[PDB]
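> sequence unknown, structure follows:
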């Protein structure tokens, strides 16, 4: 049973809902007690928290061809807080298994399902599974030009095709929690490699290296020799050109 080879999920407001096959029963609890201001213009203070990955249980499903490109509705971050999401659409809880969310509400996502079925979220309204079609990250690492969140191979390689030698993208899979990929362009050549996620949620591309944060994964791989054809030099940009800079001149000190 559970047959649906037909092309569900089309490019439209209020997209379809996947079937409830996987019901957690309870899930996790106690993520973080914090929200944020609903100002459309605001920047970050510190790093945006994605440490040892909370999203586990991975399945590399054969992704077909979701041919569409609407704009990433990234509002903005928080001070130093975990990856906060927001509902782009309203969704009433169809049961205890699902969470009632509304457009404009800041959501806390504990993880995704292995089949990319639903996404286990938690809000003021309680806790339950919500559709990834109705949500987007805002206080994620995605607001940085290096990370571009849960995307298709098409969307990734599209943005990277605008890049040049030493260009990279760090991203995760839509239908698989914990499965992440980096995409390099070097000499005009586009090649992709998998971020392997250990049992606890630690990230690593190479056998010689182990990372507790994706921030340290990207930093290390931005500077190291470690099985990189090229070090992560600069990322492939967002469709809308952003303006961020920084130098911070090195003043040496031995002892």
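Thanks, I have it. Numbers count the residues shown, from 1 in each chain.
> state the phi and psi torsions of residue 215.
phi -60, psi -40 (degrees, to the nearest 10).
> pull the number of nearby residues for it.
Using other Cβ atoms under 10 Å as the criterion, residue 215 is surrounded by 20 other residues. The way it works is simple: take the backbone N, C-alpha and C, and place the C-beta from them, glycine included.
> test my guess that it contacts residue 49.
No - applying Cβ atoms under 8 Å as the test, residue 215 and residue 49 come out as separate, 9.1 Å apart.
> got phi/psi on residue 155?
Phi and psi for residue 155, reported as degrees, to the nearest 10, are phi -70, psi -40.
> kindly report the same for the one 4 residues further on.
Taking degrees, to the nearest 10, you get phi -60, psi -40 for the backbone angles of residue 159.
> count the neighbours of it for me.
20.
> and the strands in the stretch 151-255 of the chain, which stretches?
For the stretch 151-255 of the chain, applying DSSP state E, counting those that start in this stretch gives strands covering 167-172, 180-186, 189-197, 203-204, 234-235.
> columns distance to residue 124 and mean neighbour count on top of those, output as a markdown table?
Below are those laid out as a markdown table (distance: least, Cβ to Cβ, whole Å; neighbours: other Cβ atoms under 10 Å):
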| stretch | distance to residue 124 | mean neighbour count |
| --- | --- | --- |
| strand 167-172 | 26 | 25 |
| strand 180-186 | 29 | 21 |
| strand 189-197 | 30 | 15 |
| strand 203-204 | 31 | 20 |
| strand 234-235 | 34 | 18 |
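> just send those strands back as CSV, with distance to residue 15 too.
Written out in CSV, the entries for those read as follows (distance: least, Cβ to Cβ, whole Å):
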stretch, distance to residue 15
strand 167-172, 20
strand 180-186, 24
strand 189-197, 27
strand 203-204, 30
strand 234-235, 28
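> that's all I had, so thanks and see you.
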